[PDB]
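This report concerns only the one structure given below.
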Amino acid sequence: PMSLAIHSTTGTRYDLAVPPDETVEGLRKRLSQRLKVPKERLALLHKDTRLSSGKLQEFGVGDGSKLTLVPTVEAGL
Amino acid sequence: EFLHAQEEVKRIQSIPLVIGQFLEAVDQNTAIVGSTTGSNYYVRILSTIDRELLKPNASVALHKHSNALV
Amino acid sequence: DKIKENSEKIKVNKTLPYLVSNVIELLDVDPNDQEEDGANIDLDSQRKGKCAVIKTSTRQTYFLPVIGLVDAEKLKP
Amino acid sequence: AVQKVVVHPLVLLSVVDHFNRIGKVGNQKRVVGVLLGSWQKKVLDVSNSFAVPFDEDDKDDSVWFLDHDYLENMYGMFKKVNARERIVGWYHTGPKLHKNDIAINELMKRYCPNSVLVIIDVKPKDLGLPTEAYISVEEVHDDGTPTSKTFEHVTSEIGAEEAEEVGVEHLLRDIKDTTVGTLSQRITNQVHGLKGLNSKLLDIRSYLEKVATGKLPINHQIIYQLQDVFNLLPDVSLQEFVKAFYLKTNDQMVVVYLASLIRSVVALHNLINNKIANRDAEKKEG
Amino acid sequence: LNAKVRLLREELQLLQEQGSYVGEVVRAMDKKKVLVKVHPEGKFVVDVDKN
Amino acid sequence: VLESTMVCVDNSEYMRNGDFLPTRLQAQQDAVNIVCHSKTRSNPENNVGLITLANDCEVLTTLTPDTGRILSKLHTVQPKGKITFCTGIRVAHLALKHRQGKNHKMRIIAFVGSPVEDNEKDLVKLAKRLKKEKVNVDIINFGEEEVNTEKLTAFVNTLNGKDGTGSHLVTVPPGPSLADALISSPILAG
Amino acid sequence: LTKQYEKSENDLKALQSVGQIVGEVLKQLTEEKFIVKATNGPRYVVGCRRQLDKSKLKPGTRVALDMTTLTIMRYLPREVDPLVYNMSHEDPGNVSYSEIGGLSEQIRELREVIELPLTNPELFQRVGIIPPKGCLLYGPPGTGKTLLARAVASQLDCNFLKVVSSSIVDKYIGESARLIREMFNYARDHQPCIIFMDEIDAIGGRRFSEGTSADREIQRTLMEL
Amino acid sequence: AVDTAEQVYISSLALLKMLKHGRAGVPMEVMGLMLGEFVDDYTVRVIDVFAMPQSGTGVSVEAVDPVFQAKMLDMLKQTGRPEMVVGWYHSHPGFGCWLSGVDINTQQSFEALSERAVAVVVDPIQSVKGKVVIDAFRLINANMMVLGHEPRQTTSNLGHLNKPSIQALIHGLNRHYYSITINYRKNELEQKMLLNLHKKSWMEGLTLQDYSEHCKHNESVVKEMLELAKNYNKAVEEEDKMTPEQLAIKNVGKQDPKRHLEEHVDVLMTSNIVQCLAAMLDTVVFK
Ligand SMILES: Nc1ncnc2c1ncn2[C@@H]1O[C@H](COP(=O)(O)OP(=O)(O)O)[C@@H](O)[C@H]1O
Ligand SMILES: [Zn+2]
């Protein structure tokens with residue numbers, strides 16, 4: 001199983017081994033339940049390209065990669 | 001420091017002010033004013049406003065919620 | 001299921017006590033020169049659709065950029 | 001040419017934190033960054049600024065590195081933010097103009113046809129206004145050199161906008177300001193002008209006695225360009241000049257005397273008003 | 001001067017309070033009630049204060 | 001394996017001869033192409049830019065992780081000027097103090113296409129100053145020199161010396177041949 | 001899915017929009033202070049955004065405003081007052097001057113008042129005489145005065161307006177002259193216009209003296225015109 | 001396991017950029033991410049701030065493609081200081097300087113990454129020249145009300161040094177979150193730079209304006225002072241015997257003597273003695 005590295009904007013790298021056939025949403029729900037956040041306020045960035053629905057191994061990634069976790073900030077009333 | 005506080009009270013000017021017409025003066029720094037919304041009021045006047053500028057029912061600006069002469 | 005949830009959320013917002021009003025005329029807003037990013041606004045220059053101006057039953061005439069859940073071509077002043 | 005340049009206080013405050021960023025060694029760290037503004041007329045204004053890397057040696061004034069890729073990348077980035085500002089020039093935090101800066105300006109002149117530079121004193125131990133500005137011209141001389149590129153001065157001042165003025169006034173709460181009090185800060189302005197004139201004349205004397213006493217070549221210009229300074233300074237002990245000077249001094253003294261006379265009776269009015277309204281009140285109260 | 005600057009700060013505080021509707025008195029009533037009328041709306045049978 | 005590979009290209013007067021291939025410029029172009037392809041065939045984190053050796057040492061492309069932009073900028077070099085090696089290697093070393101990744105090794109590869117007109121002592125003190133800060137330089141000879149990398153093999157031997165043995169000067173085969181014949185021994189390392 | 005998905009997300013997008021208040025600008029106070037009047041009542045002082053081209057915000061223009069912050073949003077063209085909309089683009093098509101016959105003398109005299117000064121404005125200047133403004137038709141009923149107006153209406157269709165001259169009155173002391181204000185202001189905005197005032201004898205008439213307070217409003221509509 | 005007597009440091013450039021970006025998007029809410037560090041467990045320092053492209057509605061403002069944010073925070077590591085994203089800010093023009101219902105929604109998301117996440121609310125409308133309205137909020141757990149949120153081992157962040165407002169106490173305040181006290185840290189490099197951006201060099205200090213305009217200005221001021229003193233005569237000599245408590249009530253109109261005299265004294269004296277002093281300086285300094 002490929003163990004990837006997620007890096008936040010602040011930076012406390014939430015290392016988590018993933019299965020090799022987790023598309024986009026399984027990784028998102030795993031890091032959502034690990035990060036205690038709801039899933040819809042999430043965004044995963046890898047090699048300057050957003051992840052939407054593709055297969056993880058089809059998109060890229062090997063045994064270890066540095067993806068970027070960013071939260072969709074939002075304000076208003 | 002009083003000149004600093006004289007500028008400091010200008011926070012209540014802000015920008016969304018309604019427009020009224022001054023009517024008569026009652027006592028020091030307190031007078032009546034007629035809002036253009038329709039009703040008539042008895043408001044407080046800031047000390048920064050000079051008293052030279054009010055006489056023949058001139059157009060003035062009032063606060064929204066507090067409704068005082070600013 | 002995903003679309004029907006959005007269909008459920010539409011009927012939630014339109015509850016029942018709708019105010020009635022009159023349509024004054026229909027407008028159309030052209031874009032401007034250059035809209036600044038980080039201070040841009042959607043309800044502005046970036047709307048090439050239709051628009052309307054509405055006088056309410058309380059004799060207060062308001063404006064709306066997005067006509068909403070009505071086809072614009074059916075509406076007449 | 002470009003007449004004069006206006007600097008908003010967001011720049012020249014962004015510069016000092018850039019000097020605090022990698023000025024830990026603090027010996028010859030010529031920090032260079034790239035300006036951002038808009039030449040809305042012949043007059044110019046600059047509002048934003050960002051960073052470019054730079055390393056150079058103490059000697060060997062030909063080895064240096066302006067990053068092309070960082071400049072293009074962060075320009076595209078700030079264009080993705082702000083589509084109004086375009087690059088105007090650069091700033092270096094050197095206290096004096098250097099020898100290799102003209103190569104930097106000639107390199108960066110591809111992005112801007114008239115790239116001004118702003119010398120900003122990070123540590124202005126000399127009194128005066130910081131952020132001087134220079135631009136490149138041709139100074140074809142009669143000596144025999146065809147042309148060179150050695151810059152010239154453009155007038156500069158710190159301007160203001162209606163939001164940054166609020167910030168720089170609120171952050172100025174660690175200093176007493178006597179600008180509101182008149183007839184005092186004008187005298188401090190006179191004192192500051194006298195000290196600046198003394199400092200400039202001291203620098204001129206230092207250079208002239210340096211080139212005078214053997215050291216350094218005698219520049220054939222300047223010594224006759226500063227000759228026309230001494231052809232000025234007209235005679236104070238001239239008859240018609242003194243005759244006009246007293247004629248205007250008396251005209252000013254009339255207004256000063258009438259101001260004192262119009263002040264004294266107001267003071268007396270306050271005095272007798274206080275005395276009457278006090279004594280009658282203590283007659284009632286007792 | 002210190003009373004003036006303190007009054008200015010407390011004036012900045014107190015200016016946030018509400019206003020007061022003017023009116024004219026029609027007639028007094030029994031048990032300390034008066035009949036006032038505001039300008040746009042109708043009449044009101046209101047009470048008086050202790051001062 | 002990760003480093004900021006930095007190749008430099010000569011554009012002197014003497015670069016404009018055809019003792020190799022149609023010209024030395026073309027063989028230099030496929031040399032840089034083979035170097036960049038070997039960079040891409042490594043771990044995909046390495047960066048390649050270039051510095052020229054004209055009268056002014058112009059850094060045409062700052063250190064970048066791709067390869068197509070450098071290959072596009074390889075064209076139109078216009079080889080007019082005199083080759084300088086002191087200022088070129090100073091700006092090459094000073095160019096890599098602002099690396100985006102600080103774990104990358106310090107490698108400078110050079111193409112000397114004209115006889116480098118320099119004194120021995122200055123190149124010796126340059127070699128000492130560069131080898132103090134763990135920087136490794138490989139040089140590839142091209143064509144004529146003052147007795148064919150004389151005063152240069154001692155430079156690279158003092159650079160990788162004190163039982164270090166991290167550099168290897170590649171002497172030019174004195175003959176017109178393809179650039180593949182010039183990279184046969186450094187197909188992996190020099 | 002199919003278009004039911006794409007219609008739903010645009011439906012949920014549209015609900016997040018809000019309304020905007022419509023007002024008019026009285027004058028320019030400073031470079032960032034603007035005094036406006038909401039048309040339902042009270043006036044305010046507001047500010048622009050940053051880039052609304054404040055030279056264009058002239059006194060008297062119409063402009064939109066936000067709800068909460070109440071700032072200047074976007075300038076708009078002049079109002080049209082949809083009573084005027086119902087009498088502007090409402091006439092169905094008609095066939096030409098062939099159906100009307102026997103009035104060829106009166107046909108040509110109307111053509112020289114209406115069509116000739118706008119089609120050929122140079123020939124009046126050459127003599128140097130201002131063209132006539134309006135004309136009046138009269139006669140016994142059933143001879144085709146309204147049909148003559150339909151013939152001119154379907155001739156170039158410039159900006160033809162059909163006044164019923166009985167909806168000019170209303171139940172209030174105002175709103176009768178105020179409609180005539182917006183009609184001629186609509187006539188000023190679209191320059192080659194034609195007003196048709198059929199059956200003037202309702203609104204018009206003679207001048208009374210202490211008749212009725214009802215006649216005072218009908219007269220107040222009259223001498224305003 | 002304790003929220004102590006906390007403190008937030010903000011730099012000068014952060015506040016200036018904060019107010020400029022808040023004013024530049026005046027009618028709606030603008031966005032932003034803060035750059036700083038946790039110097040200790042007690043205090044949090046913000047040394048830089050930056051903005052992003054946004055997309056605003058009438059009531060809401062959302063972000064855009066966040067490859068901007070990732071690449072920007074990657075590139076800012078290269079030049080100088082490589083900090084982290086310690087917080088976020090927005091603006092609330094003409095509002096109560098408070099966390100709204102959707103403002104507190106993303107605060108949970110920002111707090112889920114790091115515990116010491118600070119929200120900052122600025123407002124460029126109510127802010128005036130002498131004072132900028134500013135606030136920093138820290139989200140507290142809405143599940144724990146029975147215990148204490150901060151023990152307050154001292155009296156720093158309390159009714160000390162600041163008081164809670166009224167409109168903040170309506171939309172939230174000590175409910176669901178709390179406030180923290182802001183102080184400004186000023187380094188000497190910027191300290192001896194900030195106090196000198198108003199002066200000019202020596203040509204401004206030694207410059208006589210002109211003598212024709214000075215004579216005409218003095219002529220005009222004395223000319224209006226004539227009629228003003230003529231009004232002052234009648235104002236003094238009337239002085240109707242009835243106690244100023246109503247003489248300040250008949251003064252509230254257009255009446256103006258006794259008040260414009262001393263202002264004209266000031267503008268005459270402080271423009272004449274300065275010019276005469278500068279004339280003497282110019283006539284005997286240069287020689
Ligand atoms: N000159 C004409 N030729 C043919 N038909 C006519 C003529 N004049 C009137 N009509 C008929 O009269 C009708 C129009 O009547 P109306 O408009 O009421 O006349 P008026 O308004 O002059 O009383 C038309 O339907 C048309 O058929
Ligand atoms: Zn908000």
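Labeling convention for the structure tokens: chains A, B, ... as they appear, residues from 1 per chain, ligands from 1 in order of appearance.
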Long-range neighbours of residue 55 (chain C) as a count of residues only, 7 Å cut-off, only C-alpha atoms, 3 positions minimum in chain: 8
Expected selection as a list in words for ligand 2 within 7 Å, only C-alpha atoms and all ligand atoms: residues 75, 76 and 77 of chain A; 29, 90, 91, 92, 99, 100 and 103 of chain H
Neighbour list for region 26-41 of chain C as a VMD selection string, cut-off 7 Å, only C-alpha atoms, skip fewer than 2 positions in-chain: (chain C and resid 43 to 53) or (chain D and resid 80 to 83) or (chain H and resid 25 30 52 to 57)
Within-7 Å residues of ligand 1, basis only C-alpha atoms and all ligand atoms, as a count of residues only: 13
Show me, as a compact mmCIF listing (two decimals) with N, CA, C and O atoms, in the first residue's frame, the residues of chain A whose atoms get within 12 Å of chain F, using only C-alpha atoms for the distance check.
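Here's the written file part.txt:
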```
# COMPACT_ATOMS: atom_id res chain seq x y z
N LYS A 47 0.64 18.26 -7.67
CA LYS A 47 1.41 18.78 -8.83
C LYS A 47 0.66 19.87 -9.59
O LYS A 47 0.51 19.81 -10.82
N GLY A 62 3.28 7.83 -6.67
CA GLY A 62 3.96 6.55 -6.51
C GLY A 62 3.83 6.07 -5.10
O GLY A 62 2.75 6.15 -4.50
N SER A 65 4.47 10.73 -2.11
CA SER A 65 4.32 12.02 -2.78
C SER A 65 3.92 13.06 -1.75
O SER A 65 3.37 12.73 -0.69
```
What are the closest atom pairs, with distances in Å to one decimal, for each residue of chain H lying within 10 Å of chain B, using only C-alpha atoms, rows by chain and rising residue number, as a Markdown table?
```
| residue | atom | partner | partner_atom | distance |
| --- | --- | --- | --- | --- |
| H:94 | CA | B:14 | CA | 7.8 |
| H:124 | CA | B:14 | CA | 9.6 |
| H:125 | CA | B:14 | CA | 6.0 |
| H:126 | CA | B:14 | CA | 5.5 |
| H:127 | CA | B:11 | CA | 6.5 |
| H:128 | CA | B:11 | CA | 5.8 |
| H:129 | CA | B:7 | CA | 7.5 |
| H:130 | CA | B:8 | CA | 6.0 |
| H:131 | CA | B:8 | CA | 7.1 |
| H:132 | CA | B:11 | CA | 9.7 |
| H:133 | CA | B:11 | CA | 9.6 |
| H:245 | CA | B:27 | CA | 8.3 |
| H:246 | CA | B:27 | CA | 8.0 |
| H:248 | CA | B:28 | CA | 7.3 |
| H:249 | CA | B:27 | CA | 6.4 |
| H:250 | CA | B:25 | CA | 8.9 |
| H:251 | CA | B:51 | CA | 7.7 |
| H:252 | CA | B:51 | CA | 5.1 |
| H:253 | CA | B:55 | CA | 4.6 |
| H:254 | CA | B:52 | CA | 5.0 |
| H:255 | CA | B:52 | CA | 6.6 |
| H:256 | CA | B:52 | CA | 6.8 |
```
Restrict the selected residues to N, CA and C atoms and save them as an mmCIF file, in the first residue's frame.
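The result, written out as out.cif:
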```cif
data_model
loop_
_atom_site.group_PDB
_atom_site.id
_atom_site.type_symbol
_atom_site.label_atom_id
_atom_site.label_comp_id
_atom_site.auth_asym_id
_atom_site.auth_seq_id
_atom_site.Cartn_x
_atom_site.Cartn_y
_atom_site.Cartn_z
ATOM 1 N N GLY H 94 -19.511 48.481 8.079
ATOM 2 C CA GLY H 94 -20.729 49.037 8.630
ATOM 3 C C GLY H 94 -21.484 48.093 9.541
ATOM 4 N N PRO H 124 -13.216 49.133 7.657
ATOM 5 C CA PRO H 124 -12.680 50.422 7.212
ATOM 6 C C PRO H 124 -13.677 51.568 7.220
ATOM 7 N N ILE H 125 -14.923 51.333 7.627
ATOM 8 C CA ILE H 125 -15.942 52.376 7.613
ATOM 9 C C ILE H 125 -15.970 53.076 8.963
ATOM 10 N N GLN H 126 -16.116 52.299 10.038
ATOM 11 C CA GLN H 126 -16.142 52.884 11.374
ATOM 12 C C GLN H 126 -14.760 53.316 11.841
ATOM 13 N N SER H 127 -13.704 52.835 11.193
ATOM 14 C CA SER H 127 -12.359 53.266 11.543
ATOM 15 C C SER H 127 -12.135 54.706 11.110
ATOM 16 N N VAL H 128 -11.492 55.480 11.976
ATOM 17 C CA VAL H 128 -11.248 56.893 11.720
ATOM 18 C C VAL H 128 -9.740 57.114 11.802
ATOM 19 N N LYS H 129 -9.281 58.357 11.584
ATOM 20 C CA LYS H 129 -7.854 58.657 11.446
ATOM 21 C C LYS H 129 -7.059 58.290 12.693
ATOM 22 N N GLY H 130 -7.576 58.626 13.863
ATOM 23 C CA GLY H 130 -6.842 58.339 15.071
ATOM 24 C C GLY H 130 -6.931 56.922 15.581
ATOM 25 N N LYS H 131 -7.874 56.120 15.092
ATOM 26 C CA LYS H 131 -8.081 54.792 15.655
ATOM 27 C C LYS H 131 -8.754 53.900 14.630
ATOM 28 N N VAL H 132 -8.170 52.728 14.396
ATOM 29 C CA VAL H 132 -8.733 51.718 13.513
ATOM 30 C C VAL H 132 -9.425 50.672 14.374
ATOM 31 N N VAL H 133 -10.694 50.411 14.081
ATOM 32 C CA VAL H 133 -11.426 49.357 14.770
ATOM 33 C C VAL H 133 -10.907 48.007 14.285
ATOM 34 N N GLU H 245 -27.378 81.507 30.220
ATOM 35 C CA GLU H 245 -28.042 80.216 30.056
ATOM 36 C C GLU H 245 -29.064 80.243 28.922
ATOM 37 N N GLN H 246 -29.558 81.429 28.563
ATOM 38 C CA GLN H 246 -30.356 81.615 27.364
ATOM 39 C C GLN H 246 -29.635 82.462 26.326
ATOM 40 N N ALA H 248 -26.727 81.701 25.396
ATOM 41 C CA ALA H 248 -26.210 80.631 24.554
ATOM 42 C C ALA H 248 -27.303 79.961 23.735
ATOM 43 N N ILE H 249 -28.566 80.309 23.975
ATOM 44 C CA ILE H 249 -29.684 79.765 23.212
ATOM 45 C C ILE H 249 -30.124 80.747 22.123
ATOM 46 N N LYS H 250 -29.831 82.035 22.273
ATOM 47 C CA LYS H 250 -29.971 82.944 21.143
ATOM 48 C C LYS H 250 -28.671 83.120 20.366
ATOM 49 N N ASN H 251 -27.596 82.442 20.774
ATOM 50 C CA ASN H 251 -26.337 82.435 20.041
ATOM 51 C C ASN H 251 -26.256 81.284 19.043
ATOM 52 N N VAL H 252 -27.225 80.366 19.057
ATOM 53 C CA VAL H 252 -27.129 79.108 18.321
ATOM 54 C C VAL H 252 -27.480 79.372 16.857
ATOM 55 N N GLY H 253 -27.880 80.598 16.536
ATOM 56 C CA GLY H 253 -28.189 80.945 15.166
ATOM 57 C C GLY H 253 -26.947 81.269 14.362
ATOM 58 N N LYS H 254 -26.938 82.411 13.684
ATOM 59 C CA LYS H 254 -25.837 82.777 12.806
ATOM 60 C C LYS H 254 -24.855 83.743 13.452
ATOM 61 N N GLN H 255 -24.991 83.995 14.748
ATOM 62 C CA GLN H 255 -24.187 85.011 15.409
ATOM 63 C C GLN H 255 -22.768 84.507 15.647
ATOM 64 N N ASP H 256 -21.797 85.381 15.404
ATOM 65 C CA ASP H 256 -20.388 85.000 15.318
ATOM 66 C C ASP H 256 -19.303 85.877 15.968
#
```
All residues 12 Å or closer to residue 14 (chain F), only C-alpha atoms, same chain fewer than 6 positions away omitted, as a PyMOL selection string: chain F and resi 23-25+54+79-83+112-116+142-145
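A straight line drawn from CA of residue 11 (chain H) to CA of residue 3 (chain B) is 26.8 Å long.
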Show me, as CSV, the residues of chain A having an atom within 7 Å of chain H, each with the closest atom pair and its distance in Å, using only C-alpha atoms.
```
residue,atom,partner,partner_atom,distance
A:9,CA,H:85,CA,5.9
A:10,CA,H:84,CA,4.4
A:11,CA,H:84,CA,6.9
A:35,CA,H:112,CA,6.2
A:36,CA,H:112,CA,6.5
A:37,CA,H:109,CA,6.0
A:48,CA,H:67,CA,6.0
A:70,CA,H:66,CA,7.0
A:72,CA,H:63,CA,6.3
A:73,CA,H:63,CA,6.0
A:74,CA,H:62,CA,4.7
A:75,CA,H:103,CA,5.3
A:76,CA,H:60,CA,4.0
A:77,CA,H:59,CA,5.5
```
Those selected residues, please, written with C-alpha atoms and delivered as a PDB file, in the first residue's frame.
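That gives us part32.pdb:
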```pdb
ATOM      1  CA  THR A   9      -0.978  25.390   4.479  1.00  0.00           C
ATOM      2  CA  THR A  10       0.285  25.775   8.038  1.00  0.00           C
ATOM      3  CA  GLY A  11       2.150  22.478   7.977  1.00  0.00           C
ATOM      4  CA  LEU A  35      -9.041  15.791  10.692  1.00  0.00           C
ATOM      5  CA  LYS A  36     -12.537  16.007  12.302  1.00  0.00           C
ATOM      6  CA  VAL A  37     -13.794  18.292   9.507  1.00  0.00           C
ATOM      7  CA  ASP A  48      -0.557  22.028  -9.332  1.00  0.00           C
ATOM      8  CA  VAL A  70      -5.998  23.516   1.428  1.00  0.00           C
ATOM      9  CA  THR A  72     -11.805  26.544   0.989  1.00  0.00           C
ATOM     10  CA  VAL A  73     -12.047  29.734   3.011  1.00  0.00           C
ATOM     11  CA  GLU A  74     -15.357  31.575   2.934  1.00  0.00           C
ATOM     12  CA  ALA A  75     -16.877  34.614   4.612  1.00  0.00           C
ATOM     13  CA  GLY A  76     -20.146  36.498   4.535  1.00  0.00           C
ATOM     14  CA  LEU A  77     -23.451  36.866   6.357  1.00  0.00           C
TER      15      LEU A  77
END
```
Residue list (alpha helix (DSSP H), DSSP) for region 140-262 of chain H, as a ChimeraX atom specification: /H:168-171,188-194,202-205,211-238,244-247,261-262
Write out as a tab-separated table (two decimals) with N, CA, C and O atoms, in the first residue's frame all residues of chain F that backbone DSSP assigns to strand (DSSP E).
```
chain	number	residue	atom	x	y	z
F	3	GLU	N	20.09	16.98	-7.30
F	3	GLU	CA	21.05	18.07	-7.39
F	3	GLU	C	20.52	19.13	-8.34
F	3	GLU	O	19.60	18.88	-9.14
F	4	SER	N	21.10	20.32	-8.24
F	4	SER	CA	20.82	21.40	-9.19
F	4	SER	C	21.91	21.37	-10.25
F	4	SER	O	22.94	22.04	-10.13
F	5	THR	N	21.68	20.57	-11.29
F	5	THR	CA	22.62	20.45	-12.40
F	5	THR	C	22.60	21.76	-13.18
F	5	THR	O	21.54	22.24	-13.58
F	6	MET	N	23.77	22.36	-13.36
F	6	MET	CA	23.85	23.66	-14.00
F	6	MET	C	24.89	23.61	-15.11
F	6	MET	O	26.09	23.54	-14.84
F	7	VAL	N	24.43	23.64	-16.35
F	7	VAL	CA	25.29	23.53	-17.52
F	7	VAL	C	25.56	24.93	-18.06
F	7	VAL	O	24.72	25.83	-17.94
F	8	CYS	N	26.76	25.14	-18.57
F	8	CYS	CA	27.12	26.41	-19.20
F	8	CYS	C	27.61	26.18	-20.63
F	8	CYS	O	28.22	25.15	-20.94
F	9	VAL	N	27.33	27.15	-21.49
F	9	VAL	CA	27.58	27.06	-22.92
F	9	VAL	C	28.49	28.20	-23.35
F	9	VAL	O	28.27	29.36	-22.99
F	47	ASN	N	16.80	20.18	-11.28
F	47	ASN	CA	16.56	21.41	-12.02
F	47	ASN	C	17.78	21.71	-12.89
F	47	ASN	O	18.91	21.40	-12.53
F	48	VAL	N	17.53	22.33	-14.05
F	48	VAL	CA	18.59	22.73	-14.97
F	48	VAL	C	18.30	24.13	-15.48
F	48	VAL	O	17.19	24.40	-15.95
F	49	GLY	N	19.28	25.02	-15.38
F	49	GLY	CA	19.25	26.30	-16.06
F	49	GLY	C	20.47	26.43	-16.94
F	49	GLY	O	21.09	25.42	-17.28
F	50	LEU	N	20.85	27.65	-17.31
F	50	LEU	CA	22.11	27.82	-18.03
F	50	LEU	C	22.69	29.19	-17.73
F	50	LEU	O	21.97	30.13	-17.38
F	51	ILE	N	24.00	29.29	-17.89
F	51	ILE	CA	24.74	30.54	-17.85
F	51	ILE	C	25.63	30.58	-19.08
F	51	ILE	O	26.25	29.57	-19.43
F	52	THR	N	25.65	31.70	-19.78
F	52	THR	CA	26.53	31.79	-20.93
F	52	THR	C	27.90	32.30	-20.50
F	52	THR	O	28.10	32.76	-19.37
F	61	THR	N	18.50	31.43	-18.43
F	61	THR	CA	17.43	30.72	-17.74
F	61	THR	C	17.86	30.41	-16.31
F	61	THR	O	18.84	29.70	-16.10
F	62	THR	N	17.11	30.94	-15.36
F	62	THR	CA	17.27	30.61	-13.95
F	62	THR	C	16.79	29.17	-13.75
F	62	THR	O	15.97	28.66	-14.52
F	63	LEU	N	17.38	28.50	-12.76
F	63	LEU	CA	17.12	27.12	-12.34
F	63	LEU	C	15.63	26.78	-12.27
F	63	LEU	O	14.88	27.40	-11.51
F	64	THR	N	15.22	25.81	-13.08
F	64	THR	CA	13.82	25.46	-13.28
F	64	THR	C	13.68	23.95	-13.41
F	64	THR	O	14.59	23.29	-13.95
F	105	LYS	N	22.33	18.56	-4.26
F	105	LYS	CA	23.78	18.64	-4.28
F	105	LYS	C	24.25	19.75	-5.22
F	105	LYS	O	23.49	20.28	-6.03
F	106	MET	N	25.52	20.10	-5.09
F	106	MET	CA	26.08	21.28	-5.74
F	106	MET	C	26.92	20.78	-6.91
F	106	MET	O	28.08	20.42	-6.73
F	107	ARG	N	26.35	20.75	-8.12
F	107	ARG	CA	27.09	20.30	-9.29
F	107	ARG	C	27.08	21.36	-10.38
F	107	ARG	O	26.01	21.86	-10.76
F	108	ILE	N	28.26	21.69	-10.88
F	108	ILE	CA	28.43	22.60	-12.01
F	108	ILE	C	29.18	21.85	-13.11
F	108	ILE	O	30.33	21.45	-12.91
F	109	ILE	N	28.53	21.67	-14.26
F	109	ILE	CA	29.18	21.08	-15.42
F	109	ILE	C	29.44	22.20	-16.43
F	109	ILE	O	28.64	23.13	-16.55
F	110	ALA	N	30.58	22.12	-17.10
F	110	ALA	CA	31.06	23.19	-17.96
F	110	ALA	C	31.47	22.64	-19.31
F	110	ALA	O	31.93	21.50	-19.41
F	111	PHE	N	31.29	23.45	-20.34
F	111	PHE	CA	31.75	23.14	-21.69
F	111	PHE	C	32.77	24.21	-22.06
F	111	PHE	O	32.40	25.36	-22.30
F	112	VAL	N	34.05	23.86	-22.09
F	112	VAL	CA	35.09	24.83	-22.44
F	112	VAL	C	35.41	24.64	-23.93
F	112	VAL	O	36.03	23.67	-24.36
F	135	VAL	N	31.10	21.97	-3.26
F	135	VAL	CA	30.62	22.17	-4.62
F	135	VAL	C	31.53	21.39	-5.56
F	135	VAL	O	32.76	21.47	-5.43
F	136	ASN	N	30.94	20.63	-6.48
F	136	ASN	CA	31.69	19.77	-7.38
F	136	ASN	C	31.50	20.25	-8.81
F	136	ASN	O	30.37	20.50	-9.24
F	137	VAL	N	32.60	20.36	-9.55
F	137	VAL	CA	32.62	20.89	-10.91
F	137	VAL	C	33.20	19.83	-11.83
F	137	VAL	O	34.27	19.29	-11.55
F	138	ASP	N	32.49	19.54	-12.91
F	138	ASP	CA	33.00	18.74	-14.01
F	138	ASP	C	33.13	19.63	-15.23
F	138	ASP	O	32.24	20.45	-15.50
F	139	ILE	N	34.23	19.50	-15.96
F	139	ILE	CA	34.48	20.28	-17.16
F	139	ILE	C	34.68	19.33	-18.33
F	139	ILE	O	35.30	18.27	-18.18
F	140	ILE	N	34.14	19.69	-19.49
F	140	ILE	CA	34.31	18.94	-20.72
F	140	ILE	C	35.06	19.84	-21.70
F	140	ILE	O	34.60	20.94	-22.03
F	141	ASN	N	36.22	19.36	-22.16
F	141	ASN	CA	37.01	20.09	-23.13
F	141	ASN	C	36.36	20.02	-24.51
F	141	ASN	O	35.67	19.05	-24.84
```
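Proximity to chain H at a cut-off of 12 Å picks out residues 97, 98, 99, 100, 101 and 102 of chain F on chain F, counting only C-alpha atoms.
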For the selection you just gave me, I'd like the residues written to a file as an mmCIF file, in the first residue's frame, keeping C-alpha atoms.
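Printed below is part-v3.cif as written:
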```cif
data_model
loop_
_atom_site.group_PDB
_atom_site.id
_atom_site.type_symbol
_atom_site.label_atom_id
_atom_site.label_comp_id
_atom_site.auth_asym_id
_atom_site.auth_seq_id
_atom_site.Cartn_x
_atom_site.Cartn_y
_atom_site.Cartn_z
ATOM 1 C CA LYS F 97 22.729 29.795 -3.204
ATOM 2 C CA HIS F 98 19.022 30.597 -3.738
ATOM 3 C CA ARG F 99 17.919 27.041 -4.560
ATOM 4 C CA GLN F 100 14.301 26.203 -3.834
ATOM 5 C CA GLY F 101 15.402 22.870 -2.370
ATOM 6 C CA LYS F 102 18.385 22.914 -0.037
#
```
